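Since the structure comes first, as structure tokens, the remarks are kept for the end.
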Amino acid sequence: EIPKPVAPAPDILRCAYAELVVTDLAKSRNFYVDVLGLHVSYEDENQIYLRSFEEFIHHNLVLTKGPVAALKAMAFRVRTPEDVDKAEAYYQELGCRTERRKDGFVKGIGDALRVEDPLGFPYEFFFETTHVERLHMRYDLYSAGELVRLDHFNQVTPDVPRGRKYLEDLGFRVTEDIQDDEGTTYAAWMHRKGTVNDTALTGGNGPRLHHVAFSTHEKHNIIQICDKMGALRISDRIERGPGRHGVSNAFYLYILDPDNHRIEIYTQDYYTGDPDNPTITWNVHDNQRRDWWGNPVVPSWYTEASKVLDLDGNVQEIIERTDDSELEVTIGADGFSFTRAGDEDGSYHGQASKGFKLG
Amino acid sequence: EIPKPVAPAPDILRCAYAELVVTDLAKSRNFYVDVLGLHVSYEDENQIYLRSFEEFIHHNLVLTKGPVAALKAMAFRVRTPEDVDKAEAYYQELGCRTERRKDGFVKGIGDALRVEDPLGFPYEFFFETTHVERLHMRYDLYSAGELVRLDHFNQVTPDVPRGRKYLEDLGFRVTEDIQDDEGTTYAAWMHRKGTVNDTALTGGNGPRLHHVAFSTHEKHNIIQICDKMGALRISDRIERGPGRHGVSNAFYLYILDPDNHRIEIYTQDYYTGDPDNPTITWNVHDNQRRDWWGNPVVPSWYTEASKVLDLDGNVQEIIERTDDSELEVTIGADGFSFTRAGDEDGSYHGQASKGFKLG
Amino acid sequence: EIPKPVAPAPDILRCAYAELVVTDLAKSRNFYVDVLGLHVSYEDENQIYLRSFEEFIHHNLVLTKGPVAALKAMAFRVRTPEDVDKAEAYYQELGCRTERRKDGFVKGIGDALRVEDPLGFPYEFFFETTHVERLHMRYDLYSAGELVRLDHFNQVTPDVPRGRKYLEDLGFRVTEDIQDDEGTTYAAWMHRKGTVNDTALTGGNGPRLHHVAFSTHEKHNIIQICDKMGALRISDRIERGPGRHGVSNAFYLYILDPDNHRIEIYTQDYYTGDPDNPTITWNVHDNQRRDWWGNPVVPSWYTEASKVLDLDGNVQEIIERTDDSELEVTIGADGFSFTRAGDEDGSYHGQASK
Amino acid sequence: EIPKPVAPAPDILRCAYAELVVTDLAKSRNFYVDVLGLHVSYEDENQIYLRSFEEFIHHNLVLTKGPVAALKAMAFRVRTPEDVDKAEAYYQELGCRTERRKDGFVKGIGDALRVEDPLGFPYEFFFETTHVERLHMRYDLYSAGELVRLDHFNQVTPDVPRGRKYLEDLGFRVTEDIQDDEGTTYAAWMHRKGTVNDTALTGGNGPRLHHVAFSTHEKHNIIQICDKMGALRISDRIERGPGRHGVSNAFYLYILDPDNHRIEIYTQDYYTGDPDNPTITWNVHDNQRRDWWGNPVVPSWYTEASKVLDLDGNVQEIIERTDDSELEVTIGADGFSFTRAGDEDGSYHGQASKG
Ligand SMILES: O=S(=O)(O)c1ccc(O)c(O)c1
Ligand SMILES: [Ca+2]
Ligand SMILES: [Cl-]
Ligand SMILES: [Cl-]
Ligand SMILES: [Cl-]
Ligand SMILES: [Fe+2]
Ligand SMILES: [Fe+2]
Ligand SMILES: [Fe+2]
Ligand SMILES: [Fe+2]
């Protein structure tokens, strides 16, 4: 159990950026800039700094060339410079390794703290960042698939309640989760900025990074990304979707970058900023919980995720989940799901929905 | 081979309506009216007559109570009253059974000819029909999922080239097809009204009716149908999609009515009215041909289809396809598909795309 | 200037609901329910309580039958029950008239404070509210024009800087404003919940309520409201739009209810939650500031607005703006606007655009 | 009245392309290619050949550098090569001037007939055309404002009934029109391809070209064109809209190219292909007939339109309309319009709607 510090939690505003290590900078650039249309704030032979259409901070995504593709940092912006000091004291009380750089780890960020958190994830906290031209009315640049914001991260961790408790102490509030009747938790979503999530926990072997999510304005923008990937003959990099989520109610798509980092495209979740925002718990066997239309969840969604680094740049050792597997209990040979609770019509046993089993 | 008659073909305008036999009229009404929003032109204890938002003829769909669910007629409107006489002479020359009713088979249709066509399908040709209020600007009635037109039919038949030649002689032009490199045709689409299709042939045991298709204005309307089916907890009646087609380039969805009659919702195909419109042939192993995003085609899409009736109302006997099966050659045991021609990366051997196999 | 209380400001979450007095309850019901598709949370012969598709608090709009159409209260939800006590102490220190009802003024709200604020507006602060079924996935009920959230209020007041400073003291942060080179402020927008606004000030004679805004998911939903109004042959109740705003970047529409209360439909403004969110100032003569496409702003949009009531239910007296008029300086006889600053081509003099 | 030929009318498929004379080819290129995103089929120092996203024929728009901006030809494609013969005989019987070129007037068109028609318009009829890559699934190229098809032309002509009869004999069917209670016709729309129009007649001084219209897939595509024009700070080239039409029920926008040639962007009209398609007639004083939302029609929309050329490349003389003016009777000093027929409330006297 991760203790609650006496030291006050930093006031976290929102997810702000991720630094992903990539193996081939030019191929990664082709994906994030030419395919997805993100906007370059800075680049050189070592790194590409990218932002979304409506962002004013320096970036939402740093692509860093390195030997092993991995998450290097998931960064949250805090409310004041003083909250970076609060972050440092807080994680020091937790007994985590921390590293503080007054002039930042990446360009366009100032005073920053990186930590190996209690779940093995490299978190960054910062306030100071270089402002850039906010492109929100640059309709001369707007693409048919425009990514307009960074919305959230999603983390794979073996023990969801243990991680949830720690994130609650840090000020994140649970919006939705997935459980079964025998009391196992499979996933939880939690926020600071008044949307369904800023980070989320997916049960699985970890620490691994499940995905980073960007939003679009409208559903047709997500459709266009799919259409464009078809035209580029890279439909094999469309992992899952598009669909409507149960959890979050957002329209969604999952795609894979050249190093298999998973990117979610997302729109039209709901407001969660009231403190008594009603929590929603889904049964793991409800076949509308992940895709509201009942479409099957592709097995790689449950099995594959990115390595994460420690503060030395080495890959974090993975710890196996011992709680039940969502894949197994829903779409594996022993699994089951339902459309209507208690109704055998529209229920699936030992296979996925829509007539498929696991390949 | 079906000979070309000496008698002139009737001048066919478009697909106009289908008559489906249903087993429980109230259950079927709930699907087509309460779920899908079609507009009631007339109903009684035996039939429901339904039209789309932009239609001015009496109906696009007749639901007729009967003991065995089946297609009873697919009806095409012809250009003049005299074209019904032409139809009669044409099909008589083909040696087909025909039935002529000066005052119609169904309400709101006048002088009509029904025929057991050379592929065993019940076709109707008519000109005369009762005009009704055209609801195309009745935005006070417009549904978030509104079906705006009848678009096409799709027929399952064992020998696609045989049927294709007959429909070409009747004046339908093939817009797209699916073939392999060994002389097999798996499917063809053909039109009169200047869209991708008015009827289509899908290879398989037949005669059976694969689907009837209605159009929407925009892609979000199709999304809404899915969303509504989730809210009604009938997502199990979403068979396949939503997607982007390769063939037709339309955005699409397939759903199943209470008797398992398949309905396609469709939007934003392209203009085909020029007489040298380029015919697009897809290779059967191209994994973007049916779903442009490479999502797998659900096996029921290839195996399941509705019975069709003869003019006496008895079910037509099924003739087995002996040509190769699209299912088997793409997703079955010895199947193959590709993302990029000649690339092993993104190819699938003996399974479907996206991590699935046949149940 | 309105002094800052020593008493701590209540922690305001967001705009939550408006109580509008209407003269014919059935006619108003037809507009808000049958035309606009809002969801009934309670109704009787005197009041209709309505909410948007994604709401979980009891209501976003209360229609109350009364003799004179007016705004009766514009209500903000606060973070905790103790914030209602804070609001009471705060407005008492401002010297404002206050009324506290521990069981609420309207159904589905608990302990609530109403105040005649320093600008003459009836504000309510509350925490307690009856939760209802959140309809956000009830796509069986979803309209082609569905209104999904309450987004903001917009207030007409004569001195925008005076009101702005007062709202900033209450914790609202300015996101955008309209000024000229002479130093006049014509309008400001300000927020708590991390969108472009929860309330906004339009320079003019006040206190009057300019509009209440609801959001949709997508731009086609706004189109559909216009299309429906054409089908119902009430297109004369479309006042302005649909358009793209300059300020806020939102897609918008303004329509008029049966008592001439103005309702905005709005979608797709941007995130403002960071405390150093860059503030945008437009020049009043920029013809893309209000409608990005340069469509003219109809004079009624500048001149017409709803009465507001005091705590006794009487109409608040109005104070005339003495600062320059946006209408006069842009589309009046001596006004002007530009498409490109410094270019006579695409400029309009003594005249609106187009 | 224009007589009906004994000679059979050509089978016309659809509107196919327009040739527009422009004064500065580079400025026009910037508008049609960089702003609007049309696809270049061919270009040189004198001409740009452009097509829409879903087209397979060579082009939908030819921009031809010349000294006077004008319509040079509005072209319709016919069903067979023999229909170009039929067209030639038909217009010859009408007593119209004709010119036929076996190798075309512009690149990518083969055997083609141009005529000075009975209303003074330069029509082309052709079958043969060079097929190009259909870009309908090139979503790697797709713009947020993508123009997907050529939809129609709209012609300004002084006597609408006279022109209507002639187009009906030529095989166009009237889908919608605007009349009043005193026997005046102000406008008519007419088709071959099964949409609301392929060409249309707008009452006014003519011959002039009112506009050329291109389709989008969705309404948001039209909104994006407006948004982009705002970002480019050329919102003054937005003339009217966006809106919903009464006539046609399409979502629409009107913009102005660098020589003031008017382009409509259009989507989601309805199917008209049945021969008994119900004709819809609006009253000229109905304020929802042109913009369904009641937004006012700016006077320039009524007064301004492009010159057209004869077969020698000279500007056609303009004949004045003597029938009542739609502008005057609706928004002029003595004009009138209504929201609800018979209701004084929401009516407008001697001014336009919405203030
Ligand atoms: O017309 S404005 O662009 O000034 C504008 C922007 C945001 C609003 O909410 C508003 O009502 C007005
Ligand atoms: Ca082969
Ligand atoms: Cl999910
Ligand atoms: Cl398909
Ligand atoms: Cl119009
Ligand atoms: Fe996610
Ligand atoms: Fe189909
Ligand atoms: Fe507003
Ligand atoms: Fe037009």
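In the structure tokens, chains take the letters A, B, ... in the order shown, each chain's residues start at 1, and ligands count up from 1 in the order shown.
The residues sitting within 8 Å of ligand 7, with only C-alpha atoms and all ligand atoms considered, come out as residues 152, 153, 154, 197, 200, 211, 212, 213, 264 and 266 of chain B.
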Write out as number ranges by chain every residue belonging to chain B that has an atom at most 8 Å from any atom of chain A, counting only C-alpha atoms. B: 219-220, 226-227, 229-230, 233-236, 238-240, 244, 288, 292-294, 298-300, 339-340, 346, 351-352, 354-359
Just N, CA, C and O atoms for this one: save the residues we selected as a compact mmCIF listing (two decimals), in the first residue's frame.
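Done, and the output landed in selection21.txt:
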```txt
# COMPACT_ATOMS: atom_id res chain seq x y z
N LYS B 219 -21.99 11.17 -42.39
CA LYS B 219 -21.42 10.02 -41.66
C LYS B 219 -21.90 10.00 -40.20
O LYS B 219 -22.15 8.94 -39.64
N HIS B 220 -22.06 11.18 -39.58
CA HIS B 220 -22.50 11.22 -38.20
C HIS B 220 -23.90 10.63 -38.03
O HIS B 220 -24.24 10.19 -36.93
N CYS B 226 -25.74 3.64 -34.66
CA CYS B 226 -24.96 2.75 -33.77
C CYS B 226 -25.13 3.14 -32.31
O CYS B 226 -25.39 2.30 -31.43
N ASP B 227 -24.99 4.44 -32.07
CA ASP B 227 -25.10 4.97 -30.70
C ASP B 227 -26.48 4.67 -30.09
O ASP B 227 -26.61 4.26 -28.91
N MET B 229 -28.57 2.24 -31.04
CA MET B 229 -28.67 0.79 -30.81
C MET B 229 -27.96 0.38 -29.51
O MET B 229 -28.45 -0.47 -28.76
N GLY B 230 -26.84 1.03 -29.19
CA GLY B 230 -26.19 0.80 -27.89
C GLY B 230 -27.08 1.22 -26.74
O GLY B 230 -27.26 0.49 -25.76
N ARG B 233 -29.70 -1.09 -26.02
CA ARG B 233 -29.13 -2.38 -25.63
C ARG B 233 -29.46 -3.49 -26.64
O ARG B 233 -29.79 -4.60 -26.27
N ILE B 234 -29.35 -3.13 -27.92
CA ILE B 234 -29.52 -4.02 -29.07
C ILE B 234 -28.29 -3.95 -29.97
O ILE B 234 -28.37 -4.15 -31.19
N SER B 235 -27.12 -3.68 -29.38
CA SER B 235 -25.88 -3.69 -30.16
C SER B 235 -25.55 -5.04 -30.80
O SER B 235 -24.78 -5.08 -31.76
N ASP B 236 -26.16 -6.12 -30.28
CA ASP B 236 -26.03 -7.44 -30.89
C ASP B 236 -26.68 -7.49 -32.26
O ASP B 236 -26.46 -8.46 -33.00
N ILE B 238 -26.17 -5.03 -34.44
CA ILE B 238 -25.16 -4.46 -35.33
C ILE B 238 -24.28 -5.61 -35.79
O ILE B 238 -23.59 -6.23 -35.00
N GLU B 239 -24.36 -5.94 -37.08
CA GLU B 239 -23.62 -7.06 -37.61
C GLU B 239 -22.17 -6.71 -37.95
O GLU B 239 -21.25 -7.44 -37.63
N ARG B 240 -22.00 -5.59 -38.63
CA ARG B 240 -20.70 -5.23 -39.21
C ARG B 240 -20.61 -3.74 -39.40
O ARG B 240 -21.52 -3.12 -39.95
N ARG B 244 -15.55 2.44 -43.72
CA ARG B 244 -15.44 2.96 -45.07
C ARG B 244 -15.31 1.78 -45.99
O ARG B 244 -14.43 0.94 -45.79
N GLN B 288 -8.15 -4.09 -48.10
CA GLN B 288 -8.87 -2.81 -48.08
C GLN B 288 -10.08 -2.76 -49.00
O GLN B 288 -10.66 -1.70 -49.15
N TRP B 292 -12.02 -0.43 -46.06
CA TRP B 292 -10.86 0.36 -46.48
C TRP B 292 -9.84 0.49 -45.36
O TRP B 292 -8.64 0.66 -45.62
N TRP B 293 -10.32 0.37 -44.12
CA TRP B 293 -9.46 0.48 -42.94
C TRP B 293 -8.88 -0.87 -42.52
O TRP B 293 -8.16 -0.98 -41.54
N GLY B 294 -9.23 -1.91 -43.31
CA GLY B 294 -8.75 -3.24 -43.07
C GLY B 294 -9.41 -4.02 -41.97
O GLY B 294 -8.93 -5.10 -41.61
N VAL B 298 -16.98 -9.82 -40.96
CA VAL B 298 -17.59 -10.79 -40.06
C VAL B 298 -18.09 -12.00 -40.89
O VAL B 298 -18.64 -11.82 -41.95
N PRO B 299 -17.86 -13.22 -40.40
CA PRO B 299 -18.20 -14.40 -41.24
C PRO B 299 -19.70 -14.50 -41.65
O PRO B 299 -20.02 -14.93 -42.77
N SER B 300 -20.59 -14.08 -40.78
CA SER B 300 -22.02 -14.08 -41.11
C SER B 300 -22.33 -13.24 -42.32
O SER B 300 -23.29 -13.50 -43.04
N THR B 339 -2.23 -6.15 -47.13
CA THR B 339 -2.41 -4.72 -47.02
C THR B 339 -1.78 -3.98 -48.20
O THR B 339 -2.42 -3.12 -48.81
N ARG B 340 -0.53 -4.35 -48.51
CA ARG B 340 0.21 -3.82 -49.64
C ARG B 340 0.56 -4.99 -50.54
O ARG B 340 1.15 -5.98 -50.08
N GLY B 346 2.04 -6.98 -42.94
CA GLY B 346 0.64 -6.60 -43.04
C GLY B 346 -0.21 -7.57 -43.87
O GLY B 346 -1.33 -7.25 -44.28
N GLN B 351 -6.20 -16.52 -41.46
CA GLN B 351 -6.98 -15.85 -40.44
C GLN B 351 -7.44 -14.50 -40.92
O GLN B 351 -7.04 -14.06 -42.00
N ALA B 352 -8.24 -13.83 -40.10
CA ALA B 352 -8.69 -12.51 -40.43
C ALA B 352 -7.67 -11.47 -39.95
O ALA B 352 -6.69 -11.79 -39.25
N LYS B 354 -6.50 -7.91 -37.93
CA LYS B 354 -6.64 -7.27 -36.62
C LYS B 354 -6.64 -8.27 -35.44
O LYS B 354 -7.12 -7.94 -34.37
N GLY B 355 -6.05 -9.44 -35.63
CA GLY B 355 -5.85 -10.39 -34.53
C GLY B 355 -6.95 -11.40 -34.30
O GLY B 355 -6.96 -12.07 -33.27
N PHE B 356 -7.88 -11.52 -35.25
CA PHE B 356 -9.01 -12.44 -35.13
C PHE B 356 -8.95 -13.63 -36.07
O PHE B 356 -8.30 -13.58 -37.12
N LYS B 357 -9.65 -14.69 -35.68
CA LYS B 357 -9.92 -15.84 -36.53
C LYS B 357 -11.42 -16.09 -36.55
O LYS B 357 -12.15 -15.62 -35.67
N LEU B 358 -11.87 -16.81 -37.56
CA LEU B 358 -13.23 -17.36 -37.61
C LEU B 358 -13.61 -18.07 -36.31
O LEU B 358 -12.86 -18.94 -35.84
N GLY B 359 -14.77 -17.74 -35.73
CA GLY B 359 -15.30 -18.53 -34.60
C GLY B 359 -15.64 -19.98 -34.97
O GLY B 359 -15.90 -20.26 -36.14
```
Per residue of chain D within 8 Å of chain B, what are the shortest atom pair and its distance in Å to one decimal, counting only C-alpha atoms, with rows by chain and residue number, as a Markdown table?
```
| residue | atom | partner | partner_atom | distance |
| --- | --- | --- | --- | --- |
| D:13 | CA | B:274 | CA | 6.8 |
| D:54 | CA | B:270 | CA | 6.8 |
| D:56 | CA | B:278 | CA | 7.8 |
| D:79 | CA | B:275 | CA | 6.6 |
| D:136 | CA | B:249 | CA | 7.7 |
| D:137 | CA | B:249 | CA | 6.9 |
| D:193 | CA | B:273 | CA | 7.5 |
| D:194 | CA | B:193 | CA | 7.7 |
| D:217 | CA | B:268 | CA | 6.7 |
| D:218 | CA | B:218 | CA | 6.3 |
| D:249 | CA | B:137 | CA | 6.9 |
| D:268 | CA | B:217 | CA | 6.8 |
| D:270 | CA | B:54 | CA | 6.9 |
| D:271 | CA | B:54 | CA | 7.9 |
| D:273 | CA | B:13 | CA | 7.4 |
| D:274 | CA | B:13 | CA | 6.8 |
| D:275 | CA | B:79 | CA | 6.8 |
| D:277 | CA | B:56 | CA | 7.9 |
| D:278 | CA | B:56 | CA | 7.8 |
```
When the cut-off is 9 Å and we count only C-alpha atoms, which residues of chain D are near chain C, given as a ChimeraX atom specification? /D:219-220,223,226-227,229-231,233-244,287-288,292-295,298,300,339-340,345-347,353-355
Please give the root-mean-square deviation of the Cα atoms once chain B has been least-squares fitted onto chain A, pairing every Cα in order. 0.2 Å
Quick check, in Å to one decimal: how far apart do CA of residue 28 in chain D and CA of residue 78 in chain D lie? 29.0 Å
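Residue nearest ligand 3 within the list A:198, A:83, A:310, A:177: A:177 [criterion: smallest interatomic distance, only C-alpha atoms and all ligand atoms].
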All alpha helix (DSSP H) residues (DSSP, backbone) inside range 197-297 of chain A, as a PDB file with C-alpha atoms, in the first residue's frame:
```
ATOM      1  CA  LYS A 219     -16.110  12.606 -35.212  1.00  0.00           C
ATOM      2  CA  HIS A 220     -15.488  13.053 -38.946  1.00  0.00           C
ATOM      3  CA  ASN A 221     -11.909  14.143 -38.158  1.00  0.00           C
ATOM      4  CA  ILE A 222     -11.284  10.700 -36.698  1.00  0.00           C
ATOM      5  CA  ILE A 223     -12.876   9.013 -39.701  1.00  0.00           C
ATOM      6  CA  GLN A 224     -10.509  11.015 -41.960  1.00  0.00           C
ATOM      7  CA  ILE A 225      -7.435   9.691 -40.124  1.00  0.00           C
ATOM      8  CA  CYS A 226      -8.640   6.167 -40.942  1.00  0.00           C
ATOM      9  CA  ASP A 227      -9.402   7.126 -44.523  1.00  0.00           C
ATOM     10  CA  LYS A 228      -5.949   8.712 -44.958  1.00  0.00           C
ATOM     11  CA  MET A 229      -4.213   5.656 -43.504  1.00  0.00           C
ATOM     12  CA  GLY A 230      -6.082   3.560 -46.048  1.00  0.00           C
ATOM     13  CA  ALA A 231      -4.977   5.843 -48.871  1.00  0.00           C
TER      14      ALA A 231
END
```
Would you list the contacts of residue 155 in chain B as a PyMOL selection string, taking every protein, DNA or RNA residue within 9 Å and counting only C-alpha atoms, but skipping same-chain residues closer than 6 positions in sequence? chain B and resi 121+199-203+206-211+305
Could the residues in this selection be written to a file with N, CA and C atoms, as a PDB file, in the first residue's frame?
```pdb
ATOM      1  N   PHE B 121     -34.909 -14.612 -58.676  1.00  0.00           N
ATOM      2  CA  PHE B 121     -35.322 -13.478 -57.831  1.00  0.00           C
ATOM      3  C   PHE B 121     -36.674 -12.923 -58.247  1.00  0.00           C
ATOM      4  N   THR B 199     -28.650  -2.558 -57.915  1.00  0.00           N
ATOM      5  CA  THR B 199     -28.584  -3.897 -57.345  1.00  0.00           C
ATOM      6  C   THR B 199     -27.155  -4.381 -57.511  1.00  0.00           C
ATOM      7  N   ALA B 200     -26.818  -5.418 -56.777  1.00  0.00           N
ATOM      8  CA  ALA B 200     -25.503  -5.961 -56.752  1.00  0.00           C
ATOM      9  C   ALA B 200     -25.624  -7.455 -56.579  1.00  0.00           C
ATOM     10  N   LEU B 201     -24.564  -8.135 -57.021  1.00  0.00           N
ATOM     11  CA  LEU B 201     -24.484  -9.580 -56.933  1.00  0.00           C
ATOM     12  C   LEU B 201     -23.313  -9.914 -55.999  1.00  0.00           C
ATOM     13  N   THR B 202     -23.581 -10.769 -55.016  1.00  0.00           N
ATOM     14  CA  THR B 202     -22.587 -11.310 -54.110  1.00  0.00           C
ATOM     15  C   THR B 202     -22.565 -12.808 -54.337  1.00  0.00           C
ATOM     16  N   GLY B 203     -21.386 -13.356 -54.580  1.00  0.00           N
ATOM     17  CA  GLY B 203     -21.291 -14.793 -54.792  1.00  0.00           C
ATOM     18  C   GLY B 203     -21.664 -15.604 -53.562  1.00  0.00           C
ATOM     19  N   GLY B 206     -27.663 -19.435 -53.598  1.00  0.00           N
ATOM     20  CA  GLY B 206     -28.796 -18.563 -53.834  1.00  0.00           C
ATOM     21  C   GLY B 206     -29.835 -19.159 -54.739  1.00  0.00           C
ATOM     22  N   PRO B 207     -30.945 -18.427 -54.971  1.00  0.00           N
ATOM     23  CA  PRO B 207     -31.177 -17.009 -54.660  1.00  0.00           C
ATOM     24  C   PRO B 207     -31.440 -16.728 -53.166  1.00  0.00           C
ATOM     25  N   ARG B 208     -30.701 -15.769 -52.592  1.00  0.00           N
ATOM     26  CA  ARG B 208     -31.029 -15.175 -51.308  1.00  0.00           C
ATOM     27  C   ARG B 208     -30.804 -13.673 -51.417  1.00  0.00           C
ATOM     28  N   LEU B 209     -31.466 -12.912 -50.561  1.00  0.00           N
ATOM     29  CA  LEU B 209     -31.305 -11.444 -50.536  1.00  0.00           C
ATOM     30  C   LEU B 209     -30.235 -11.096 -49.500  1.00  0.00           C
ATOM     31  N   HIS B 210     -29.164 -10.448 -49.928  1.00  0.00           N
ATOM     32  CA  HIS B 210     -28.104 -10.116 -48.984  1.00  0.00           C
ATOM     33  C   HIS B 210     -28.530  -8.936 -48.094  1.00  0.00           C
ATOM     34  N   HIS B 211     -28.927  -7.844 -48.719  1.00  0.00           N
ATOM     35  CA  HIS B 211     -29.431  -6.668 -47.974  1.00  0.00           C
ATOM     36  C   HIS B 211     -30.221  -5.705 -48.826  1.00  0.00           C
ATOM     37  N   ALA B 305     -28.047 -14.833 -45.282  1.00  0.00           N
ATOM     38  CA  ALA B 305     -28.819 -14.006 -46.184  1.00  0.00           C
ATOM     39  C   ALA B 305     -30.260 -14.535 -46.148  1.00  0.00           C
TER      40      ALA B 305
END
```
Write out as a compact mmCIF listing (two decimals) with N, CA, C and O atoms, in the first residue's frame each polymer residue whose atoms come within 7 Å of residue 59 in chain D, counting only C-alpha atoms; drop sequence neighbours fewer than 2 positions from it.
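Result file follows (result-v1.txt):
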```txt
# COMPACT_ATOMS: atom_id res chain seq x y z
N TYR D 17 -17.90 20.84 -67.47
CA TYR D 17 -16.88 21.81 -67.15
C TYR D 17 -17.29 23.18 -67.63
O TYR D 17 -18.15 23.30 -68.52
N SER D 41 -5.04 19.11 -63.43
CA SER D 41 -4.90 18.05 -64.45
C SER D 41 -3.77 18.37 -65.43
O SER D 41 -3.10 17.48 -65.97
N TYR D 49 -5.98 23.68 -66.02
CA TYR D 49 -7.04 22.70 -66.09
C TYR D 49 -7.20 22.06 -64.72
O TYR D 49 -6.26 21.50 -64.20
N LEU D 50 -8.40 22.15 -64.15
CA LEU D 50 -8.65 21.77 -62.76
C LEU D 50 -9.78 20.75 -62.71
O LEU D 50 -10.74 20.85 -63.49
N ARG D 51 -9.72 19.84 -61.75
CA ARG D 51 -10.79 18.89 -61.53
C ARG D 51 -11.05 18.74 -60.05
O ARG D 51 -10.18 18.97 -59.20
N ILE D 57 -13.13 12.46 -65.76
CA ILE D 57 -12.92 13.18 -67.03
C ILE D 57 -11.83 14.21 -66.80
O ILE D 57 -11.40 14.43 -65.67
N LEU D 61 -12.98 22.54 -64.81
CA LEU D 61 -12.78 23.97 -64.84
C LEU D 61 -11.51 24.23 -65.64
O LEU D 61 -10.45 23.68 -65.32
```
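Each residue with an atom within 7 Å of any atom of ligand 1 appears in the list, which was built counting only C-alpha atoms and all ligand atoms: residues 154, 245, 246, 247, 248, 250, 264, 289, 290 and 291 of chain C.
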Selection from above, C-alpha atoms, as an mmCIF file, in the first residue's frame, can you write it?
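Ended up saving to selection39.cif:
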```cif
data_model
loop_
_atom_site.group_PDB
_atom_site.id
_atom_site.type_symbol
_atom_site.label_atom_id
_atom_site.label_comp_id
_atom_site.auth_asym_id
_atom_site.auth_seq_id
_atom_site.Cartn_x
_atom_site.Cartn_y
_atom_site.Cartn_z
ATOM 1 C CA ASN C 154 -23.618 37.072 -21.008
ATOM 2 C CA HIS C 245 -16.974 33.730 -33.691
ATOM 3 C CA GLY C 246 -13.669 35.597 -33.667
ATOM 4 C CA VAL C 247 -13.651 35.931 -29.925
ATOM 5 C CA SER C 248 -13.786 32.339 -28.526
ATOM 6 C CA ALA C 250 -16.801 28.946 -31.299
ATOM 7 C CA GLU C 264 -27.035 31.237 -27.900
ATOM 8 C CA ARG C 289 -13.807 39.875 -34.258
ATOM 9 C CA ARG C 290 -17.462 38.862 -33.729
ATOM 10 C CA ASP C 291 -18.171 36.946 -36.903
#
```
Could you name the residues that touch residue 86 in chain C at 9 Å or less, counting only C-alpha atoms, but leaving out those on the same chain fewer than 2 positions away, as a PyMOL selection string? chain C and resi 7-11+82-84+88-91
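Look at residue 27 in chain B: the protein and nucleic acid residues within 12 Å of it, using only C-alpha atoms and passing over chain neighbours fewer than 3 places away, are residues 22, 23, 24, 30, 31, 32, 33, 34, 35, 48, 63, 65, 257, 258 and 259 of chain B.
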Same residues, C-alpha atoms, saved as a short mmCIF file (atom, residue, chain, number, x, y, z; two decimals), in the first residue's frame:
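Output saved as part.cif:
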```cif
data_model
loop_
_atom_site.label_atom_id
_atom_site.label_comp_id
_atom_site.auth_asym_id
_atom_site.auth_seq_id
_atom_site.Cartn_x
_atom_site.Cartn_y
_atom_site.Cartn_z
CA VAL B 22 -41.89 -10.63 -41.57
CA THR B 23 -43.17 -12.99 -38.87
CA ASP B 24 -44.19 -10.49 -36.17
CA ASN B 30 -40.59 -1.30 -33.66
CA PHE B 31 -37.31 -1.86 -35.56
CA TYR B 32 -38.11 0.11 -38.70
CA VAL B 33 -40.16 2.92 -37.16
CA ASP B 34 -39.08 3.31 -33.51
CA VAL B 35 -35.41 2.37 -33.95
CA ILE B 48 -46.66 -1.60 -42.89
CA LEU B 63 -43.43 -5.20 -44.41
CA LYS B 65 -46.93 -10.45 -42.23
CA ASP B 257 -33.93 -6.74 -38.33
CA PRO B 258 -36.04 -9.01 -36.11
CA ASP B 259 -36.21 -11.73 -38.80
#
```
